[PDB]
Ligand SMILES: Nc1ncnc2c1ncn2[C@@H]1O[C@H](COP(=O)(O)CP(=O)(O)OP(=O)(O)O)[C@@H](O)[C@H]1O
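Just one chain follows, in the form deposited without the ligand, and it is written as structure tokens.
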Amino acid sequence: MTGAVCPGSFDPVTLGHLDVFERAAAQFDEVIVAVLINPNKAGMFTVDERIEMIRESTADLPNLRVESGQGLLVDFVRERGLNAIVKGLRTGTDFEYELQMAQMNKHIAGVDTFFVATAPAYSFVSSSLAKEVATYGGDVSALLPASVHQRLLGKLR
């Protein structure tokens, strides 16, 4: 009954995210990846595409499932009877903002946030920077799971 939610926009999911999912999956009895959607801001990928990319890359994790949602993250967490958020840290993370949100989320809902640093190899990739580099021809193939690289280049072209 131990469990955590891993939230984000995942547009697209990166190997930095995957690294965090795997560590969460190894340490909690269940993990729910929360694909949080802004209903007014279209991303590069649809919810279906975002969810499929994550599923294809997490198939070896039997205790991880993927769901989309919107609104307050702590409502998503508590609706599933959970009380924990696992958030990844990378180079360029706005950690001070993450801390402010962690304190806010604990205050309004009693939900705890656990931060874990992604591996050095995956520490400089982010969804936005990966899309930017790929838009101008840069090779980001080593920084994204296989379910993503193709689809990304397709969107761009």
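The first residue of the sequence shown is number 1, and the count goes up from there.
Just so you know, the form deposited with the ligand bound exists too; it's not on screen, but the next bit is about it.
Residue in contact with the ligand in the entry with it bound (any heavy atom within 4.5 Å), chosen from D112, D29, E56, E98: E98.
At a distance threshold of 4.5 angstroms between non-hydrogen atoms, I51 is out of contact with the ligand in the entry with it bound. In the entry with it bound, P7 approaches the ligand with a heavy atom inside 4.5 Å. Contact annotation for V125: at least one heavy atom lies within 4.5 Å of the ligand in the entry with it bound.
Shown without its partner, the chain has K87, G88, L89, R90, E98, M101 in segment 67-106 as residues with a non-hydrogen atom within 4.5 angstroms of the ligand in the entry with it bound.
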